[PDB]
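J.: Make a model of this:
(2 chains)
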Number of protein chains: 2
Amino acid sequence: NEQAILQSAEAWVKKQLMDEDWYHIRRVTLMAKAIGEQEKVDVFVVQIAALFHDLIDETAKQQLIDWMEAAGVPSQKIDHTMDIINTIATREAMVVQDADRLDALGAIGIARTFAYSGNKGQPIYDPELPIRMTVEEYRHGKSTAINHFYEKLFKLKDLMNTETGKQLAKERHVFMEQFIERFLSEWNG
Amino acid sequence: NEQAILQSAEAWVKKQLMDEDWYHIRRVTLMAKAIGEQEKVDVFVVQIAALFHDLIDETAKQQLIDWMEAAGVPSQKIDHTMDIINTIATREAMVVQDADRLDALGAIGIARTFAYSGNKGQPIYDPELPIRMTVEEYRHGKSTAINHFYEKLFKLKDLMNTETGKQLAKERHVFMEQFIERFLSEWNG
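T.: Numbering: from 1, shown residues only, chains lettered A, B, ... in the order given. Sharing the structure here:
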């Protein structure tokens, strides 16, 4: 069995979380999957990994290592699942790596950026502000939503791994370039 | 003269504001302009109006009515400028109306929405929360950024006036539909 073990976890990771978020875990998982079988890797471990990748921040890890053994997950697999969990080594690890970071780009990425900006209480954009770094990053460095696009986001497609990863990261990067340009043209005249 | 009268104001409205915002006044004015001469209306009044439309929230109004008379603005014009200012009647008024509301849509509109959402401390989007009203609006009604698109923004193209207004409002509305769809498809896979 491999399909049911998932369905079970897909529920636990959903319940424990609905008492506070989970959507990120869902979409990151779905991608890890698609990206997973595109790379003909163990679509199982990558999926299980994806599910627990977040819920961690010892006993926490064990909590799963146990639940898992009670699912019949073979020692090699189970010892391979959270193996990628912490260190985020192996191809399946790479798929989960991309799926997670591939979620920082795209329409959702655009929204989540401007969202955090509003929460941080900073300006959505500033033409007078220079386009940059380490300590002064968030410790004081007053930045802008738009700048964060050129500072952290727009430099992810490279940090990718899976070939299909660069693929998606690409279709994502363009949409942002598409948006940030329509934004500036609208900002100017 | 008339052209210079603007250049003078475009500075005052800029200085008094740089002691707190102004960009909104700038872009809303630029549009009112383009939209203004497209409708072959008094591109002057519409521009002066646009500039002071915001700075108001008595003596406040007079402050301008005076500065204006000292610019040689003919009684009819000057009495027509802020005439649209308060009530926001006449075509030139309509142009300024659109230009201001035309700024709630577009890339900037998308950003400003998700921005305010982050500031309000609400979710960018909640699939459990159904879209939508009057009193419970902001007095308690917990909404979402995305929902605000279907609740207030997406119903502006109609509230437009200038023919060119609907034009721009249209090109804007599509981009948002373009984004909110890329956002939802990304929401899953």
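
J.: Does the residue positioned nearest the centre of chain A lie in a helix or a strand, and which?
T.: Chain A has residue A:100 as the residue nearest its centroid, 2.2 Å off, counting by CA atoms, centre = their mean. Remark: residue A:100 resides in helix A:91-101, with elements defined by DSSP states H and E.

J.: Assess the claim that the residue nearest to the centre of chain A and residue A:85 are in contact.
T.: No. The pair residue A:100 and residue A:85 does not pass the contact test of CB atoms under 8 Å, sitting 11.3 Å apart. No exception for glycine: its C-beta is placed from N, CA and C like everyone else's.

J.: Skip the chain neighbours and tell me the closest residue to residue A:123.
T.: In space, residue A:123 comes closest to residue A:144 once its chain neighbours are excluded; the distance is 5.6 Å by CB to CB, 6 or more residues apart in numbering or on different chains.

J.: so who does the one you found touch?
T.: By CB atoms under 8 Å, 6 or more residues apart in numbering or on different chains, the contact list for residue A:144 reads A:117, A:122-126, A:129.

J.: Neighbour-wise, give me the winner out of these.
T.: Using other CB atoms under 10 Å in any protein chain shown as the neighbour test, those are led by residue A:117, with 24 neighbours.

J.: Nearest residue to it in space, please, no chain neighbours.
T.: residue A:145 (3.8 Å).

J.: what's that neighbour in contact with, if anything?
T.: So residue A:145 contacts A:113-114, A:116-117, A:122-125, B:111, B:115 (CB under 8 Å, 6+ apart).

J.: Buried ones in the helix or strand hosting residue A:81, by neighbour count?
T.: Counting by DSSP H and E, the element that carries residue A:81 is helix A:75-86. By neighbour count on 16 or more other CB atoms under 10 Å in any protein chain shown, the buried set for helix A:75-86 is A:77-78, A:80-85.

J.: ditto for stretch A:165-172
T.: For stretch A:165-172, by 16+ other CB under 10 Å, it's A:165-169, A:172.

J.: which residues of chain A fall in strands?
T.: With DSSP state E as the criterion, chain A has no strands.

J.: Up against chain B, what does it have?
T.: A:23, A:26-27, A:30-31, A:34, A:106-108, A:110-112, A:114-121, A:124-125, A:145, A:175, A:179, A:182-183, A:186-187, A:189 (CB under 8 Å from any CB of the partner chain).

J.: gap between residue A:105 and residue A:173?
T.: Counting by CB to CB, to the nearest Å, the gap from residue A:105 to residue A:173 is 6 Å.

J.: again, but for residue A:134
T.: To residue A:173, residue A:134 is 24 Å away according to CB to CB.

J.: In terms of packing, which of those two has more residues around it?
T.: Neighbours of residue A:134 and residue A:173, each counted by other CB under 10 Å, are more numerous for residue A:173; the result is 19 against 6.

J.: show me the contacts for that one.
T.: Residue A:173 neighbours (CB under 8 Å, 6+ apart): A:105, A:154, A:156-157.

J.: in chain A, which spans are helices?
T.: A:3-15, A:22-38, A:43-53, A:59-69, A:75-86, A:91-101, A:107-120, A:136-139, A:145-151, A:163-187 (DSSP state H).

J.: Which residue is the nearest non-sequential neighbour of the closest residue to chain B within chain A?
T.: Proximity of chain A to chain B (CB to the nearest CB) peaks at residue A:118, 2.9 Å away. Excluding its sequence neighbours, the residue lying closest to residue A:118 (CB to CB, 6+ apart) is residue B:118, at 2.9 Å.

J.: I figured the one you found was touching residue A:116, is that so?
T.: Yes. When contacts are counted by CB under 8 Å, residue B:118 is listed as touching residue A:116 (6.1 Å).

J.: one step back: want to throw the helices of chain A into CSV with distance to residue B:73?
T.: Output for the helices of chain A, formatted as CSV (distance: least, CB to CB, whole Å):
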stretch, distance to residue B:73
helix A:3-15, 65
helix A:22-38, 56
helix A:43-53, 65
helix A:59-69, 71
helix A:75-86, 71
helix A:91-101, 58
helix A:107-120, 40
helix A:136-139, 49
helix A:145-151, 38
helix A:163-187, 30
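
J.: With residue B:149 as the reference, name the closest of these.
T.: helix A:107-120 (10.7 Å; CB to CB).

J.: Just name whatever secondary elements that closest one is in contact with.
T.: Applying 3 or more CB pairs under 8 Å, 6 or more residues apart in numbering or on different chains; DSSP states H and E, one finds that helix A:107-120 contacts helix A:145-151, helix A:163-187, helix B:106-120, helix B:163-187.

J.: picking that back up, return the member of the contacts of residue A:145 nearest to residue B:14.
T.: Proximity to residue B:14 was ranked across the contacts of residue A:145 by CB to CB; first place goes to residue A:123, at 16.7 Å.

J.: Touching stretch A:99-108 from outside, list them.
T.: Residues outside stretch A:99-108 that contact it (CB under 8 Å, 6+ apart): A:24, A:27-29, A:31-32, A:35, A:46, A:50, A:53, A:88, A:109, A:112, A:153, A:156-157, A:159-160, A:165, A:168-169, A:172-173, A:175-176, B:179-180, B:182-183, B:186-187.
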